[PDB]
Amino acid sequence: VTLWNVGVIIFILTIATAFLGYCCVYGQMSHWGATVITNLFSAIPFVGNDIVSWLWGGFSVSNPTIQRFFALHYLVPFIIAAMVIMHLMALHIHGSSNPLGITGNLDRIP
Amino acid sequence: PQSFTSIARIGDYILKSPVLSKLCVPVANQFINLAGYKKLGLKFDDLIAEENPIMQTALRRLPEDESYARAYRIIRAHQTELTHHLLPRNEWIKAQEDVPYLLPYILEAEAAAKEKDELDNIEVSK
Amino acid sequence: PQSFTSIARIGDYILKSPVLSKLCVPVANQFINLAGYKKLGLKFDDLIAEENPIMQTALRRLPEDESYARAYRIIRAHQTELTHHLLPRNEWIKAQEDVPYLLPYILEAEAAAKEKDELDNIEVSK
Amino acid sequence: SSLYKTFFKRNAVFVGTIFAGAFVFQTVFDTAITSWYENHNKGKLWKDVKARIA
Amino acid sequence: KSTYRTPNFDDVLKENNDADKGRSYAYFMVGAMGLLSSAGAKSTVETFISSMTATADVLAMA
Amino acid sequence: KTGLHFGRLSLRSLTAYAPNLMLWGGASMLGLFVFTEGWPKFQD
Amino acid sequence: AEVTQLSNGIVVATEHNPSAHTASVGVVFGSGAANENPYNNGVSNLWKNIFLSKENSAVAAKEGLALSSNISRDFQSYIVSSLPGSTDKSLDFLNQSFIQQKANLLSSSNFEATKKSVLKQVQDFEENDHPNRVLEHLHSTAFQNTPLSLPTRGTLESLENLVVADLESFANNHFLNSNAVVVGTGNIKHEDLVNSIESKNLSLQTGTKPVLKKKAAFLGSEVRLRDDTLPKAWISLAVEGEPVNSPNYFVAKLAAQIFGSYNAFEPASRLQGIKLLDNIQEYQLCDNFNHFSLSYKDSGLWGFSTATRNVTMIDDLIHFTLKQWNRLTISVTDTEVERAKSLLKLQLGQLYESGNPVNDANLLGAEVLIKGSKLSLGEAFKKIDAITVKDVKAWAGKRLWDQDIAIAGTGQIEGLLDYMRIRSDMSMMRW
Amino acid sequence: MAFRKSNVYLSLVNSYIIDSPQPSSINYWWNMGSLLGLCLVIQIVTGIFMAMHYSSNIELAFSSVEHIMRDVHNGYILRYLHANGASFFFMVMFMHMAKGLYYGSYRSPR
Ligand SMILES: CCCCCCCCCCC(=O)OC[C@H](COP(=O)(O)OC[C@H](O)COP(=O)(O)OC[C@@H](COC(=O)CC)OC(=O)CCC)OC(=O)CCCCCCCC
Ligand SMILES: CCCCCCCCCCCCCCCCCC(=O)OC[C@H](COP(=O)(O)OCCN)OC(=O)CCCCCCCCCCCCC
Ligand code: HEM
Ligand code: HEM
Ligand SMILES: COc1c(O)c(C)c(C/C=C(\C)CC/C=C(\C)CC/C=C(\C)CC/C=C(\C)CC/C=C(\C)CCC=C(C)C)c(O)c1OC
Ligand SMILES: CCCCCCCCCCCCCCC(=O)OCCCOP(=O)(O)OC[C@@H](O)COP(=O)(O)OCCCOC(C)=O
Ligand SMILES: CCCCCCCCCCCCCCC(=O)O[C@H](COC(=O)CCCCCCCCCCCC)COP(=O)(O)O
Ligand SMILES: CCCCCCCCCCCCCCCCCC(=O)O[C@H](COC(=O)CCCCCC)COP(=O)(O)OCCN
């Protein structure tokens, strides 16, 4: 179960990484895709307009938005690499499963 | 993880009812033949997941000649699968050999674990 | 890690020479008093580093009453240092108690290790 | 002493009284230093020069 | 000497023991160290977070 | 008459440990609200 | 139980039992090992073996009499047993060895034979009886520099300096009429004991026991006796408990019955209703434990002792035990208090109603010296039945929550950590 | 056993900073390795927050450091902690290496 829960964290960090690097091209799809996603956080009650202005660095998607999206894009792949090591540590204590669903301690190969 | 006490409680109510037994038991016979574990030389009690303290208790109390036969059926099924074949038809498990050999050891280890929980969380009645 | 066989070879040549003994031995006496290990209640053979197979052999062959006394002097020196003090002057090691108790066990474990190397790398002389 | 027995009675403080007293500390500490700093530099600040041109 | 004879600890022991004298004085110092550390860790986090707000030249064009 | 275990809870754990789990929301609660003040969120 | 003071100042106490086939008569004094100094420690252990010497026992055996003696921290006893109908013969023997003639037991030939026998017993105790010498070291580190820290057998260094003039000096200060109780148990009635004592007129001088300067006090401390050539580890740990005549005397006894005793090799002791046994049986952390509540005239001790061969998991056994002591302040339940009520009434019902009149004579005489009377077993049962869960939580919040401890240990005790990580387990950090 | 000893991730924390057996007589020179781990955290955190405002072009590099010092809120605190924190990182590392020279820490088995 611990091996499954760490893999869910890896999946969320990979979706966030691909979003941040796509906005660094600054094409026409990059500007309007960042506008749609960042405006979703203005619906949170009493802290909507404070999160979105802190995420922009201003009043819209501008120069501070792209310069901070590239610095966060360099960093999150190194956090994914640290969670992959924690993923392999939980695999080591019990081993892998097999397609029959029964125990594998009777017949192993290196 | 439902319980083996809950499975037997629902299953015994079906088998004692005369109109529910004629309707559910032929469906259960086609469900087992479509599963295909008997073509790998296995019984159903070999398929139960064993990494729990109830199942580790029942495997210790099994007699020694049945533990040797169970270990051979598991090893033979792992070799049959990696070659992507089935067993010959004269080595398939028959219907009168697929008996619950491990179920009476499971039901008595579960009744003892429930009795220990009701005594450790009991209230006095002065 | 020089060798204890090489230290004794140079040191015995100095002590047998009459003019080299008058010049080097008073210098060695002031070197030991300025070291200050006797003020912590230690002998010199307590100071030798022990994480090597020659030194682990010599500590096994030590008699039991001397191993108990050596373990107490090491524990007493660790407690004296963390309080940043010295021992009282009546508990200092005297000059006639600073004897090499461990040196004969070291010299016989080293002579056996050298003899095993000359026999494992020997050449026939047909 | 005994004034650290009236408020607490032999116990530690608690984790919630640490966080509650830390926010009360921030507003009193910030006001007391800004008052001492501006009184030490009186006559040089902009609010003193702005009054003397009026 | 017998191991039932405990050595002399008199130069470090209290006047009389009086359990709420070293207890009340130590729980004040641990509590004061935890109060100043939570206030300092709070000011440090808010210093880094407010750097990501709008700069002085951005809100001049508002 | 026996109590309840819920798996690994107890209802008489919830005698004192559930006010305490809410005292983990009465104490240790303020690190959600004092750790905000510096950017204002004045509301109850 | 009937108590009666005579015309010359002798206190007589009697517990008649008509269904017993023996009778016991003796004298109990109110001075024990806690009335000595560090120089004469062991004079009570030497007076016991002078009473039980071979020339004294041979005179009593010709009349059909048996002798017993017991040295404790607060009292001493000298008891003669016989058949019910030889009770005046056991009074004449007790007269001729405490009142009228005591100089023939302290001859030089009898003293040196006795002194070398006691020196062999204390030397054998110090090298072979490891659970009992750890509990004696716990008394000497918890009550140090106070009269309650001296061992009851004496030490090997103090016993070799004792001469015959030390024993006469101790008897002249402590074997007095105002310090004594004459007891009688078994098939003996109160009026025949009183009339038999009054027939011998017994002058019995009017001295008074010396009073002690120091009062007993608890100190948090530890002592470690490491010995790597021993197969186990023996550990005792305690806090300050209740004295005799405390209002919380039975509440402290019920709290120790909640955790109780354990033997890992008995199948029925592994099935007890104790929540500590769930933690320690998974990896088999110990061999046995037992919880005590010792009470004296001035102070007391409350704790547990243990012995184990799992020398690499000692820190888990101490951590799990002290986390269960925390539950007495916050979350002790109702079934645990009702179970400990029934097992405490069974425990002290077997202590006060054994079939041994020598055991009953020690318990009766020690109680009249402190209180002047003996509490009945029927009145002690009503006090136990009136204890609630709020009484346990009020006692444990004062005596156990965040308090100083005393530790003692011997054997392979390298895995036992420092003082300050055991001291920090006396509170929870939760509340 | 305790949960800090049986969990896969908490056992690494327990075996390094909680239950680790230390010699009784080590002095304050053995505290320099703990300070070097704090120095590395300060440099990584202050550098990531400064990298959201930095431009690395040859005609924009000098003026973006001046933009951090003047326009970014508490930006002078970020730079001065970063520039002076690098000199403190080298001073503690020189003292850490000289402790190993004096006490023979380079020797076998280390
Ligand atoms: C870049 C800035 C980094 C700032 C942090 C670095 C600070 C560490 C400095 C280097 C060092 O470790 O040297 C320490 C060494 C003493 O080590 P020791 O264990 O033998 O002495 C234990 C003491 O007696 C009891 O120490 P105790 O525990 O009783 O009191 C603590 C002491 C604070 O000490 C420290 O924090 C370390 C300096 O409190 C007081 O002094 C009370 C007065 C306010 O001192 C010496 O041996 C010689 C002193 C000068 C060495 C400086 C060399 C630098 C070039
Ligand atoms: C690539 C190679 C890099 C190498 C870097 C070399 C430069 C390092 C700069 C820092 C040097 C500091 C030396 C640190 C070594 C620590 C170990 C040590 O010297 O022990 C302390 C010394 C003896 O200690 P004891 O154990 O014998 O007893 C102490 C009782 N007071 O007790 C003492 O004598 C006190 C020590 C005081 C040392 C002061 C001299 C250093 C001054 C440096 C000035 C640099 C700025 C100008
Ligand atoms: C960069 C991402 C990942 C890497 C490098 C990685 C790596 C691995 C490796 C090498 C194994 C060994 C056995 C095998 O290949 O099946 C494994 C197993 C496993 N992984 Fe991942 N994984 C990643 C992402 C995930 C995700 C996203 C999930 C689930 C949401 C997950 C859950 C699991 C599970 C449950 C197993 C055990 C399967 C079994 O033993 O049958 N992992 N992983
Ligand atoms: C071991 C860690 C580090 C060391 C020793 C180090 C060292 C330095 C030094 C000496 C400077 C010049 C400072 C000056 O004189 O102004 C500098 C500048 C700079 N560093 Fe680092 N650095 C480290 C980590 C990082 C990291 C991880 C980042 C980015 C994610 C970073 C970002 C920057 C930036 C943007 C500058 C630009 C100039 C300035 O703002 O001062 N640093 N670094
Ligand atoms: C001998 O005694 C010791 C001993 O004394 C000590 C202290 C230790 C402890 C070890 C250390 C102190 C060294 C460990 C230090 C490191 C491994 C440094 C690693 C540094 C990092 C992983 C830094 C990571 C920082 C980040 C990822 C910054 C995150 C910034 C973000 C997310 C900014 C973006 C924010 C928003 C809101 C978008 C021992 O291990 C030890 O041995 C037993
Ligand atoms: C009652 C208890 C209260 C105690 C409270 C005290 C708390 C104090 C905390 C702060 C004190 C020091 C601060 C430093 C700190 O917290 O560091 C975090 C842990 C230190 O590093 P580590 O992960 O233990 O070692 C980490 C490394 O040493 C271990 O290497 P690794 O790679 O992880 O090995 C496994 C390899 C797997 O590799 C593969 C391929 O799978
Ligand atoms: C970045 C470091 C600065 C943070 C300072 C935090 C200090 C807070 C101390 C106040 C705590 C009050 C409660 C004390 C207590 O008894 O609780 C203790 C535990 O509390 C702690 O462990 C304090 C942790 C302090 C971390 C120190 C970091 C080590 C330095 C290495 C840095 C390498 C990067 C409760 O447990 P106990 O009662 O059994 O002792
Ligand atoms: C370069 C990488 C170096 C890696 C260093 C590893 C150490 C760093 C981690 C420090 C400890 C912080 C996490 C410990 C939290 C306890 C986890 C836990 O309780 O395990 C799990 C539950 O947590 C999870 O499901 C995954 C959490 C992922 C954590 C992501 C950070 C419970 O595991 P459990 O001990 O109960 O085993 C089953 C027995 N019934």
Side-chain angles (χ1 to χ4, degrees), chain E residues 2 4, chain G residues 24-29 31-33 35-72 75-82 86 88-129 150-177 179-180 182 200 202-205 207 210 358 362:
Chain E
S2 187
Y4 293 98
Chain G
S24 294
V25 181
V27 176
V28 185
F29 291 107
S31 315
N35 287 267
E36 307 162 344
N37 53 72
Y39 288 96
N40 67 340
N41 182 31
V43 291
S44 296
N45 202 28
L46 267 178
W47 261 119
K48 157 175 167 171
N49 290 277
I50 282 292
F51 183 67
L52 303 180
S53 57
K54 201 205 177 191
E55 290 179 352
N56 212 30
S57 298
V59 175
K62 293 190 190 68
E63 306 292 325
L65 270 47
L67 311 184
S68 281
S69 187
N70 181 57
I71 307 299
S72 181
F75 63 97
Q76 308 154 13
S77 52
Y78 301 92
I79 299 157
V80 192
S81 298
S82 67
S86 297
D88 42 356
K89 258 186 280 197
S90 64
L91 270 176
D92 287 329
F93 181 78
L94 200 62
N95 190 19
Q96 295 299 110
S97 67
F98 279 111
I99 291 95
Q100 292 224 330
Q101 181 193 337
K102 292 178 70 175
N104 296 25
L105 287 170
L106 292 178
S107 78
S108 67
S109 165
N110 191 50
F111 182 77
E112 301 274 355
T114 301
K115 187 183 166 192
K116 68 184 293 294
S117 298
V118 181
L119 273 174
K120 203 183 152 32
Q121 296 166 16
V122 182
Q123 193 166 18
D124 184 42
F125 171 78
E126 207 52 50
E127 316 176 329
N128 281 110
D129 197 359
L150 303 165
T152 60
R153 289 164 188 86
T155 61
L156 206 68
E157 283 80 14
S158 191
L159 277 160
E160 307 175 319
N161 296 329
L162 291 174
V163 298
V164 68
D166 289 316
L167 268 77
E168 292 164 323
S169 178
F170 185 80
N172 282 359
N173 291 135
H174 298 273
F175 291 169
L176 309 169
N177 181 39
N179 207 27
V182 171
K200 301 181 287 291
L202 263 63
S203 66
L204 264 294
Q205 54 182 50
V358 186
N362 278 101

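The basis for the numbers below is simple: all heavy atoms, side chains too, and nothing from hydrogens, waters or symmetry mates. Order of the sequence lines sets the chain letters (A, B, ...), proteins ahead of strands, with each chain counted from 1.
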- Donor-acceptor pair, side chain of G:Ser158 and main chain of G:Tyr39, under 3.5 angstrom: yes
- Task: Might you point out which heavy atoms bring G:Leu65 and G:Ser82 nearest each other, and give the distance in Å?
- Result: CD1-CB, 3.9 Å
- Message: Show the nearest heavy-atom pair for residues G:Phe170 and G:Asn35, with the distance to one decimal.
- Response: CE1-O, 4.4 Å
- Task: For side-chain contact (heavy atoms from CB on, under 4.5 Å), just list the numbers for G:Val25 and G:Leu91, CA-CA rounded to whole Å, side-chain angles, deciding distance to a tenth of an Å, and then say yes or no.
- Result: CA-CA 7 Å; G:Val25 181; G:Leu91 270 176; 3.9 Å; yes
- Item | Verdict with reasoning, G:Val28 to G:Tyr78, per side-chain contact (heavy atoms from CB on, under 4.5 Å) | CA-CA 7 Å; G:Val28 185; G:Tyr78 301 92; over 6 Å; no
- Item | Gap separating the CG atom of G:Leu204 from the CG atom of G:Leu176, nearest 0.5 angstrom | 9.5 Å
- Spacing of G:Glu126 atom CD and E:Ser2 atom OG [to the nearest 0.5 Å]: 7.0 Å
- Task: For G:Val358 and G:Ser81, run side-chain contact (heavy atoms from CB on, under 4.5 Å): C-alpha distance rounded to whole Å, both residues' side-chain angles, the deciding distance at 0.1 Å, then the answer.
- Result: CA-CA 8 Å; G:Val358 186; G:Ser81 298; 3.7 Å; yes
- Task: Would you mind reporting whether G:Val122 and G:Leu159 have side-chain heavy atoms less than 4.5 Å apart?
- Result: yes
- Message: Side chains of G:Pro210 and G:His174, heavy atoms from C-beta outward: is any pair under 4.5 Å?
- Response: yes
- Report yes if some heavy atom in the side chain of G:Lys200 is under 4.5 Å from a heavy atom in the side chain of G:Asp92; otherwise report no. yes
Result block: side-chain N/O donor-acceptor pairs under 3.5 angstrom for residues 113-121 of chain G, not counting sequence neighbours:
from     : atom 1 : to       : atom 2 : distance (Å)
G:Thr114 : OG1    : G:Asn110 : O      : 2.8
G:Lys115 : NZ     : G:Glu160 : O      : 3.4
G:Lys115 : NZ     : G:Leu162 : O      : 3.3
G:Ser117 : OG     : G:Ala113 : O      : 3.0

- Query: Is there side-chain contact between G:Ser69 and G:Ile79, with at least one heavy-atom pair below 4.5 Å?
  - Reply: no
- Query: At what distance, to the nearest 0.5 angstrom, does CD of G:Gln205 lie from CG of G:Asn177?
  - Reply: 9.5 Å
- Item | Closest non-hydrogen atom pair, G:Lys102 against G:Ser97 | CG-O, 3.3 Å
- Task: Considering non-hydrogen atoms only, spot the tightest contact between G:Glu127 and G:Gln123 and give its length.
- Result: CG-O, 3.3 Å
- Item | Check: G:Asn40 side chain, G:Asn37 main-chain N or O, donor-acceptor pair, under 3.5 Å | yes
Name every donor-acceptor pair, under 3.5 Å, that has one atom in a side chain of residues 41-62 of chain G and the other anywhere in the protein, sequence neighbours excluded.
from    : atom 1 : to       : atom 2 : distance (Å)
G:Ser44 : OG     : G:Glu36  : OE2    : 3.2
G:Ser44 : OG     : G:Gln76  : NE2    : 2.9
G:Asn45 : ND2    : G:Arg153 : O      : 3.2
G:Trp47 : NE1    : G:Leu167 : O      : 3.1
G:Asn49 : ND2    : G:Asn45  : O      : 2.7
G:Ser53 : OG     : G:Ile50  : O      : 2.8
G:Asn56 : ND2    : G:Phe51  : O      : 3.0
G:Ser57 : OG     : G:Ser53  : O      : 2.9
G:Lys62 : NZ     : G:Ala58  : O      : 3.1

- Message: To the closest 0.5 Å, what do you measure between CG (G:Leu150) and OG1 (G:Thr155)?
- Response: 9.0 Å
- Message: If we ignore hydrogens and angles and just use 3.5 Å, is the side chain of G:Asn70 paired with the main-chain N or O of G:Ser77 as donor and acceptor?
- Response: no
- Message: G:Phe75 vs G:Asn362, test: side-chain contact (heavy atoms from CB on, under 4.5 Å). Steps then yes/no.
- Response: CA-CA 9 Å; G:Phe75 63 97; G:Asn362 278 101; 4.0 Å; yes
- Query: What distance do G:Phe29 atom CZ and G:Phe98 atom CZ have between them, rounded to the nearest 0.5 Å?
  - Reply: 5.5 Å
